[PDB]
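Trainee: Could you have a look at this structure, given as structure tokens, before my questions?
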Protein chains: 2
Amino acid sequence: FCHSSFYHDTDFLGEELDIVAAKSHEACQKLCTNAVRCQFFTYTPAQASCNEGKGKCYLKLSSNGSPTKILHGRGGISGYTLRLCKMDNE
Amino acid sequence: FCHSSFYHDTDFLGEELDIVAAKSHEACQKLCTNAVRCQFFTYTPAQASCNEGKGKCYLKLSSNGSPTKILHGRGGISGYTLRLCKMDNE
């Protein structure tokens with residue numbers, strides 16, 4: 001089964017990685033529902049920086065021969081969605 | 001003299017990664033003085049703006065012989081020189 005799990009204060013770096021957000025925290029989740037298996041759809045909660053330092057959503061994809069590159073410490077909140085499982089090992 | 005890698009705005013990620021504070025820029029350079037394995041680190045000068053603290057230094061390894069991933073959004077300047085890049089392939 002493809003179970004959705006969320007872990008924060010820890011991030012795992014895959015391969016294909018971009019960064020897109022503007023507003024509406026929940027809304028950017030659907031950015032990977034366009035056709036995006038989104039193997040990791042993760043967030044990085046911020047605001048205490050420069051007035052308005054709002055959401056920047058983290059999207060990366062790996063589980064091939066390249067497993068994960070671990071980022072320790074100040075990670076936001078990374079969640080596994082659903083369709084990633086079927087794309088897990090392409 | 002070897003493979004001095006200095007990227008601007010764009011972050012080239014291979015395999016290993018860890019973050020140290022950028023409190024005194026020389027500090028993270030000293031990571032290489034404890035163990036010459038750091039091939040290139042990502043620097044972000046996030047201080048002169050709002051945060052009176054400092055930024056951070058992304059110590060990473062494998063530039064060339066790794067799956068070279070090019071990502072953006074959190075990049076500043078990834079810079080190092082060294083001679084250890086000899087073992088970058090193996």
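For the structure tokens, the naming scheme is as follows: chains receive sequential letters (A, B, ...) according to their order of presentation, residues are indexed from 1 within each chain, and ligands are indexed from 1 in presentation order.
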Could you please write out, as a PyMOL selection string, every residue of region 1-89 of chain A that DSSP assigns to helix (DSSP H, G or I)?

Mentor: chain A and resi 27-33+84-87

Trainee: Which chain B residues have any atom within 9 Å of an atom of chain A, and for each, what is the nearest pair of atoms with distance in Å to one decimal, counting only C-alpha atoms, rows sorted by chain and number, as a tab-separated table?

Mentor:
```
residue	atom	partner	partner_atom	distance
B:13	CA	A:15	CA	8.7
B:14	CA	A:69	CA	8.3
B:15	CA	A:69	CA	5.6
B:16	CA	A:69	CA	6.2
B:17	CA	A:71	CA	6.4
B:18	CA	A:71	CA	6.4
B:19	CA	A:72	CA	7.7
B:49	CA	A:50	CA	7.5
B:50	CA	A:50	CA	5.8
B:51	CA	A:49	CA	6.6
B:67	CA	A:15	CA	8.0
B:68	CA	A:15	CA	8.6
B:69	CA	A:15	CA	6.3
B:70	CA	A:17	CA	7.8
B:71	CA	A:17	CA	5.8
B:72	CA	A:18	CA	6.5
B:73	CA	A:19	CA	5.9
B:74	CA	A:19	CA	8.5
```

Trainee: After a least-squares superposition of chain B on chain A over all Cα atoms matched in order, what is the RMSD to one decimal?

Mentor: 2.4 Å

Trainee: Figure out the distance between CA of residue 88 (chain B) and CA of residue 65 (chain B), please, to one decimal in Å.

Mentor: 5.6 Å
